[PDB]
file data09.cif (mmCIF, N, CA and C atoms)
data_data
loop_
_atom_site.group_PDB
_atom_site.id
_atom_site.type_symbol
_atom_site.label_atom_id
_atom_site.label_comp_id
_atom_site.auth_asym_id
_atom_site.auth_seq_id
_atom_site.Cartn_x
_atom_site.Cartn_y
_atom_site.Cartn_z
ATOM 1 N N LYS A 961 61.718 179.056 47.406
ATOM 2 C CA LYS A 961 63.097 178.582 47.337
ATOM 3 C C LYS A 961 63.309 177.700 46.107
ATOM 4 N N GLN A 962 62.423 176.720 45.923
ATOM 5 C CA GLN A 962 62.481 175.842 44.760
ATOM 6 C C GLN A 962 62.544 176.684 43.494
ATOM 7 N N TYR A 963 61.551 177.558 43.331
ATOM 8 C CA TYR A 963 61.455 178.402 42.144
ATOM 9 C C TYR A 963 62.713 179.233 41.927
ATOM 10 N N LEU A 964 63.423 179.552 43.007
ATOM 11 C CA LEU A 964 64.674 180.279 42.860
ATOM 12 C C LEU A 964 65.741 179.345 42.299
ATOM 13 N N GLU A 965 65.930 178.205 42.965
ATOM 14 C CA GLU A 965 66.952 177.242 42.571
ATOM 15 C C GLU A 965 66.786 176.863 41.108
ATOM 16 N N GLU A 966 65.568 176.467 40.749
ATOM 17 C CA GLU A 966 65.182 176.274 39.356
ATOM 18 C C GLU A 966 65.704 177.404 38.465
ATOM 19 N N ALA A 967 65.265 178.629 38.746
ATOM 20 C CA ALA A 967 65.727 179.796 38.002
ATOM 21 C C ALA A 967 67.254 179.804 37.956
ATOM 22 N N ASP A 968 67.866 179.619 39.123
ATOM 23 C CA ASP A 968 69.317 179.666 39.251
ATOM 24 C C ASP A 968 70.024 178.692 38.321
ATOM 25 N N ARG A 969 69.388 177.562 38.019
ATOM 26 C CA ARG A 969 70.016 176.633 37.088
ATOM 27 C C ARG A 969 69.695 177.022 35.648
ATOM 28 N N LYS A 970 68.468 177.480 35.407
ATOM 29 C CA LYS A 970 68.073 177.841 34.049
ATOM 30 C C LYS A 970 68.946 178.981 33.537
ATOM 31 N N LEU A 971 69.143 179.985 34.388
ATOM 32 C CA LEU A 971 70.110 181.045 34.129
ATOM 33 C C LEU A 971 71.413 180.458 33.605
ATOM 34 N N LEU A 972 71.963 179.498 34.350
ATOM 35 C CA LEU A 972 73.224 178.870 33.976
ATOM 36 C C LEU A 972 73.151 178.359 32.543
ATOM 37 N N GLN A 973 72.073 177.635 32.234
ATOM 38 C CA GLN A 973 71.861 177.127 30.884
ATOM 39 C C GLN A 973 71.992 178.269 29.893
ATOM 40 N N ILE A 974 71.216 179.327 30.121
ATOM 41 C CA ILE A 974 71.247 180.496 29.252
ATOM 42 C C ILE A 974 72.672 181.018 29.133
ATOM 43 N N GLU A 975 73.359 181.124 30.271
ATOM 44 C CA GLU A 975 74.738 181.594 30.271
ATOM 45 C C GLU A 975 75.583 180.729 29.349
ATOM 46 N N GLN A 976 75.434 179.411 29.471
ATOM 47 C CA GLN A 976 76.160 178.484 28.611
ATOM 48 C C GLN A 976 75.874 178.801 27.148
ATOM 49 N N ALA A 977 74.598 179.020 26.842
ATOM 50 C CA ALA A 977 74.177 179.301 25.476
ATOM 51 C C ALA A 977 74.825 180.578 24.943
ATOM 52 N N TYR A 978 75.183 181.491 25.842
ATOM 53 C CA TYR A 978 75.846 182.721 25.426
ATOM 54 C C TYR A 978 77.347 182.506 25.273
ATOM 55 N N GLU A 979 77.891 181.570 26.050
ATOM 56 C CA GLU A 979 79.321 181.288 26.004
ATOM 57 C C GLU A 979 79.713 180.753 24.634
ATOM 58 N N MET A 980 78.858 179.901 24.076
ATOM 59 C CA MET A 980 79.161 179.222 22.823
ATOM 60 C C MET A 980 78.451 179.844 21.622
ATOM 61 N N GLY A 981 78.287 181.163 21.666
ATOM 62 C CA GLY A 981 77.819 181.938 20.531
ATOM 63 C C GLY A 981 76.455 181.602 19.954
ATOM 64 N N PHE A 982 75.629 180.892 20.715
ATOM 65 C CA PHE A 982 74.285 180.558 20.252
ATOM 66 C C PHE A 982 73.320 181.721 20.466
ATOM 67 N N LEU A 983 73.541 182.472 21.539
ATOM 68 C CA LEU A 983 72.706 183.625 21.855
ATOM 69 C C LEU A 983 73.504 184.921 21.765
ATOM 70 N N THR A 984 72.887 185.957 21.206
ATOM 71 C CA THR A 984 73.487 187.284 21.220
ATOM 72 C C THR A 984 73.306 187.877 22.613
ATOM 73 N N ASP A 985 73.866 189.061 22.837
ATOM 74 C CA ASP A 985 73.746 189.721 24.132
ATOM 75 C C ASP A 985 72.284 190.069 24.412
ATOM 76 N N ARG A 986 71.637 190.666 23.416
ATOM 77 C CA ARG A 986 70.237 191.059 23.519
ATOM 78 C C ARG A 986 69.313 189.869 23.776
ATOM 79 N N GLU A 987 69.552 188.767 23.071
ATOM 80 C CA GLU A 987 68.744 187.559 23.227
ATOM 81 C C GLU A 987 68.872 186.986 24.635
ATOM 82 N N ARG A 988 70.105 186.921 25.124
ATOM 83 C CA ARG A 988 70.381 186.477 26.485
ATOM 84 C C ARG A 988 69.641 187.350 27.496
ATOM 85 N N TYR A 989 69.769 188.663 27.324
ATOM 86 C CA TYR A 989 69.082 189.640 28.165
ATOM 87 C C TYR A 989 67.568 189.387 28.210
ATOM 88 N N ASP A 990 66.959 189.318 27.029
ATOM 89 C CA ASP A 990 65.524 189.087 26.899
ATOM 90 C C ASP A 990 65.081 187.779 27.551
ATOM 91 N N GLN A 991 65.871 186.726 27.364
ATOM 92 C CA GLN A 991 65.540 185.428 27.947
ATOM 93 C C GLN A 991 65.627 185.456 29.470
ATOM 94 N N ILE A 992 66.637 186.143 29.994
ATOM 95 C CA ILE A 992 66.766 186.313 31.438
ATOM 96 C C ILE A 992 65.555 187.055 32.005
ATOM 97 N N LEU A 993 65.198 188.166 31.364
ATOM 98 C CA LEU A 993 64.040 188.943 31.802
ATOM 99 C C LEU A 993 62.752 188.118 31.773
ATOM 100 N N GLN A 994 62.555 187.362 30.696
ATOM 101 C CA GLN A 994 61.376 186.505 30.570
ATOM 102 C C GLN A 994 61.330 185.471 31.696
ATOM 103 N N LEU A 995 62.464 184.809 31.904
ATOM 104 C CA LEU A 995 62.630 183.840 32.980
ATOM 105 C C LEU A 995 62.229 184.421 34.332
ATOM 106 N N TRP A 996 62.735 185.614 34.632
ATOM 107 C CA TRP A 996 62.449 186.236 35.922
ATOM 108 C C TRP A 996 60.997 186.701 36.065
ATOM 109 N N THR A 997 60.409 187.162 34.966
ATOM 110 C CA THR A 997 58.995 187.521 34.959
ATOM 111 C C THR A 997 58.131 186.301 35.293
ATOM 112 N N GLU A 998 58.379 185.205 34.578
ATOM 113 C CA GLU A 998 57.627 183.970 34.793
ATOM 114 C C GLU A 998 57.819 183.420 36.208
ATOM 115 N N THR A 999 59.061 183.452 36.685
ATOM 116 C CA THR A 999 59.386 183.039 38.048
ATOM 117 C C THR A 999 58.604 183.858 39.076
ATOM 118 N N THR A 1000 58.587 185.171 38.869
ATOM 119 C CA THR A 1000 57.851 186.093 39.727
ATOM 120 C C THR A 1000 56.365 185.741 39.769
ATOM 121 N N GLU A 1001 55.782 185.524 38.592
ATOM 122 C CA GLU A 1001 54.397 185.061 38.520
ATOM 123 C C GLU A 1001 54.190 183.785 39.344
ATOM 124 N N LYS A 1002 55.101 182.829 39.171
ATOM 125 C CA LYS A 1002 55.032 181.565 39.898
ATOM 126 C C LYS A 1002 55.048 181.754 41.412
ATOM 127 N N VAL A 1003 55.927 182.621 41.910
ATOM 128 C CA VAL A 1003 55.969 182.853 43.352
ATOM 129 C C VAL A 1003 54.725 183.595 43.847
ATOM 130 N N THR A 1004 54.161 184.471 43.015
ATOM 131 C CA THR A 1004 52.897 185.122 43.368
ATOM 132 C C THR A 1004 51.792 184.078 43.559
ATOM 133 N N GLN A 1005 51.633 183.238 42.539
ATOM 134 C CA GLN A 1005 50.654 182.157 42.578
ATOM 135 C C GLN A 1005 50.885 181.215 43.757
ATOM 136 N N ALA A 1006 52.149 180.983 44.101
ATOM 137 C CA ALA A 1006 52.478 180.109 45.224
ATOM 138 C C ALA A 1006 52.097 180.742 46.560
ATOM 139 N N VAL A 1007 52.358 182.040 46.699
ATOM 140 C CA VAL A 1007 51.962 182.785 47.892
ATOM 141 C C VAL A 1007 50.452 182.690 48.080
ATOM 142 N N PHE A 1008 49.716 183.023 47.024
ATOM 143 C CA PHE A 1008 48.260 183.016 47.138
ATOM 144 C C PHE A 1008 47.647 181.622 47.307
ATOM 145 N N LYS A 1009 48.270 180.609 46.712
ATOM 146 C CA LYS A 1009 47.796 179.234 46.857
ATOM 147 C C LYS A 1009 48.063 178.716 48.271
ATOM 148 N N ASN A 1010 49.227 179.071 48.811
ATOM 149 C CA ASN A 1010 49.570 178.724 50.183
ATOM 150 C C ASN A 1010 48.593 179.364 51.160
ATOM 151 N N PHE A 1011 48.278 180.638 50.932
ATOM 152 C CA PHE A 1011 47.240 181.296 51.724
ATOM 153 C C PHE A 1011 45.897 180.571 51.613
ATOM 154 N N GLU A 1012 45.446 180.364 50.380
ATOM 155 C CA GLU A 1012 44.132 179.786 50.113
ATOM 156 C C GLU A 1012 43.952 178.405 50.733
ATOM 157 N N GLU A 1013 44.997 177.585 50.675
ATOM 158 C CA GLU A 1013 44.903 176.209 51.147
ATOM 159 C C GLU A 1013 45.220 176.043 52.630
ATOM 160 N N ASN A 1014 46.182 176.809 53.138
ATOM 161 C CA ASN A 1014 46.664 176.589 54.501
ATOM 162 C C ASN A 1014 46.290 177.665 55.521
ATOM 163 N N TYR A 1015 46.116 178.904 55.066
ATOM 164 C CA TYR A 1015 45.783 179.999 55.974
ATOM 165 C C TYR A 1015 44.728 180.926 55.382
ATOM 166 N N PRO A 1016 43.498 180.422 55.211
ATOM 167 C CA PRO A 1016 42.456 181.190 54.520
ATOM 168 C C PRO A 1016 42.011 182.430 55.292
#

call {"tool": "encode", "arguments": {"input": "data09.cif", "output": "structure tokens"}}
result
Amino acid sequence: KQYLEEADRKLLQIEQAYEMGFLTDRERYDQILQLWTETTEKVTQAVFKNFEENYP
């Protein structure tokens, strides 16, 4: 949930950056994809760490 909310705000930042002509469409796209890839990795690691520590 945390990792989602985090993402959900970072997205907004990126969106802002696109509103004011700092990012092109492609750049925004790439940054969103990168963000979601990293987030996905984080939730994977969180799943496995939760298993390892609490339910081995």

call {"tool": "atom_distance", "arguments": {"input": "data09.cif", "atom1": "atom N of residue 964 in chain A", "atom2": "atom C of residue 993 in chain A"}}
result
14.1 Å

call {"tool": "axis_aligned_box", "arguments": {"input": "data09.cif", "around": "range 966-970 of chain A", "padding_each_side": "6 Å", "output": "AutoDock Vina command-line options"}}
result
--center_x 67.6 --center_y 178.0 --center_z 37.1 --size_x 16.8 --size_y 15.5 --size_z 19.2

call {"tool": "residues_around", "arguments": {"input": "data09.cif", "residues": "residue 963 in chain A", "least_positions_apart": "2", "cutoff": "8 Å", "atoms": "only N, CA and C atoms", "output": "compact mmCIF listing (two decimals) with N, CA and C atoms, in the coordinates of the input"}}
result
# COMPACT_ATOMS: atom_id res chain seq x y z
N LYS A 961 61.72 179.06 47.41
CA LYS A 961 63.10 178.58 47.34
C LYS A 961 63.31 177.70 46.11
N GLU A 965 65.93 178.20 42.96
CA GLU A 965 66.95 177.24 42.57
C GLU A 965 66.79 176.86 41.11
N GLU A 966 65.57 176.47 40.75
CA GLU A 966 65.18 176.27 39.36
C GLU A 966 65.70 177.40 38.47
N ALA A 967 65.26 178.63 38.75
CA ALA A 967 65.73 179.80 38.00
C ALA A 967 67.25 179.80 37.96
N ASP A 968 67.87 179.62 39.12
CA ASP A 968 69.32 179.67 39.25
C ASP A 968 70.02 178.69 38.32
N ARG A 969 69.39 177.56 38.02
CA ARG A 969 70.02 176.63 37.09
C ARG A 969 69.69 177.02 35.65
N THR A 999 59.06 183.45 36.68
CA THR A 999 59.39 183.04 38.05
C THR A 999 58.60 183.86 39.08
N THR A 1000 58.59 185.17 38.87
CA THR A 1000 57.85 186.09 39.73
C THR A 1000 56.36 185.74 39.77
N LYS A 1002 55.10 182.83 39.17
CA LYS A 1002 55.03 181.56 39.90
C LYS A 1002 55.05 181.75 41.41
N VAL A 1003 55.93 182.62 41.91
CA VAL A 1003 55.97 182.85 43.35
C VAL A 1003 54.72 183.60 43.85

call {"tool": "atom_distance", "arguments": {"input": "data09.cif", "atom1": "CA of residue 983 in chain A", "atom2": "CA of residue 997 in chain A"}}
result
19.4 Å

call {"tool": "atom_distance", "arguments": {"input": "data09.cif", "atom1": "CA of residue 1005 in chain A", "atom2": "atom C of residue 962 in chain A"}}
result
13.1 Å

call {"tool": "residues_near_point", "arguments": {"input": "data09.cif", "point": "(71.9, 181.3, 28.8)", "cutoff": "8 Å", "atoms": "only N, CA and C atoms", "output": "PyMOL selection string"}}
result
chain A and resi 970-979+983+987-989+991-992

call {"tool": "decode", "arguments": {"input": "data09.cif", "residues": "chain A", "atoms": "C-alpha atoms", "output": "PDB file, in the first residue's frame"}}
result
ATOM      1  CA  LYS A 961       0.000   0.000   0.000  1.00  0.00           C
ATOM      2  CA  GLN A 962       2.768   2.429   0.984  1.00  0.00           C
ATOM      3  CA  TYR A 963       4.675   1.704  -2.223  1.00  0.00           C
ATOM      4  CA  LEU A 964       1.492   2.424  -4.161  1.00  0.00           C
ATOM      5  CA  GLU A 965       0.743   5.735  -2.437  1.00  0.00           C
ATOM      6  CA  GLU A 966       4.363   6.763  -2.934  1.00  0.00           C
ATOM      7  CA  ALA A 967       4.096   5.893  -6.637  1.00  0.00           C
ATOM      8  CA  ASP A 968       0.740   7.680  -6.763  1.00  0.00           C
ATOM      9  CA  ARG A 969       2.364  10.919  -5.650  1.00  0.00           C
ATOM     10  CA  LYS A 970       5.504  10.551  -7.764  1.00  0.00           C
ATOM     11  CA  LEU A 971       3.292  10.094 -10.816  1.00  0.00           C
ATOM     12  CA  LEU A 972       1.665  13.413  -9.924  1.00  0.00           C
ATOM     13  CA  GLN A 973       5.086  15.070  -9.832  1.00  0.00           C
ATOM     14  CA  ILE A 974       5.863  13.664 -13.269  1.00  0.00           C
ATOM     15  CA  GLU A 975       2.458  14.833 -14.484  1.00  0.00           C
ATOM     16  CA  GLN A 976       3.249  18.330 -13.221  1.00  0.00           C
ATOM     17  CA  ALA A 977       6.569  18.199 -15.061  1.00  0.00           C
ATOM     18  CA  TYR A 978       4.657  17.449 -18.265  1.00  0.00           C
ATOM     19  CA  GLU A 979       2.121  20.222 -17.671  1.00  0.00           C
ATOM     20  CA  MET A 980       4.818  22.893 -17.667  1.00  0.00           C
ATOM     21  CA  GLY A 981       6.698  21.708 -20.749  1.00  0.00           C
ATOM     22  CA  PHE A 982       9.701  20.283 -18.899  1.00  0.00           C
ATOM     23  CA  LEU A 983       9.070  16.736 -20.119  1.00  0.00           C
ATOM     24  CA  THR A 984       8.126  15.574 -23.605  1.00  0.00           C
ATOM     25  CA  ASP A 985       5.455  12.904 -24.077  1.00  0.00           C
ATOM     26  CA  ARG A 986       8.059  10.180 -24.605  1.00  0.00           C
ATOM     27  CA  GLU A 987      10.093  11.266 -21.564  1.00  0.00           C
ATOM     28  CA  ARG A 988       6.996  11.250 -19.357  1.00  0.00           C
ATOM     29  CA  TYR A 989       6.092   7.795 -20.683  1.00  0.00           C
ATOM     30  CA  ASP A 990       9.589   6.412 -20.023  1.00  0.00           C
ATOM     31  CA  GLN A 991       9.691   7.885 -16.515  1.00  0.00           C
ATOM     32  CA  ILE A 992       6.292   6.401 -15.667  1.00  0.00           C
ATOM     33  CA  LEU A 993       7.400   2.980 -16.910  1.00  0.00           C
ATOM     34  CA  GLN A 994      10.657   3.200 -14.935  1.00  0.00           C
ATOM     35  CA  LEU A 995       8.750   4.237 -11.810  1.00  0.00           C
ATOM     36  CA  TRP A 996       6.381   1.285 -12.122  1.00  0.00           C
ATOM     37  CA  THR A 997       9.192  -1.192 -12.808  1.00  0.00           C
ATOM     38  CA  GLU A 998      11.064  -0.061  -9.690  1.00  0.00           C
ATOM     39  CA  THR A 999       7.848  -0.077  -7.637  1.00  0.00           C
ATOM     40  CA  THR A1000       7.138  -3.628  -8.817  1.00  0.00           C
ATOM     41  CA  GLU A1001      10.627  -4.711  -7.764  1.00  0.00           C
ATOM     42  CA  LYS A1002      10.032  -3.091  -4.366  1.00  0.00           C
ATOM     43  CA  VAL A1003       6.774  -4.966  -3.791  1.00  0.00           C
ATOM     44  CA  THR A1004       8.441  -8.238  -4.842  1.00  0.00           C
ATOM     45  CA  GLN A1005      11.221  -7.680  -2.312  1.00  0.00           C
ATOM     46  CA  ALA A1006       8.614  -6.727   0.300  1.00  0.00           C
ATOM     47  CA  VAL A1007       6.604  -9.912  -0.301  1.00  0.00           C
ATOM     48  CA  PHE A1008       9.685 -12.084   0.037  1.00  0.00           C
ATOM     49  CA  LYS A1009      11.044 -10.172   3.053  1.00  0.00           C
ATOM     50  CA  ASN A1010       7.676 -10.446   4.800  1.00  0.00           C
ATOM     51  CA  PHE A1011       7.730 -14.184   4.135  1.00  0.00           C
ATOM     52  CA  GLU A1012      11.349 -14.568   5.270  1.00  0.00           C
ATOM     53  CA  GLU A1013      10.907 -12.637   8.515  1.00  0.00           C
ATOM     54  CA  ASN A1014       7.332 -13.421   9.562  1.00  0.00           C
ATOM     55  CA  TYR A1015       6.215 -16.630   7.822  1.00  0.00           C
ATOM     56  CA  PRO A1016       9.284 -18.719   6.917  1.00  0.00           C
TER      57      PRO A1016
END
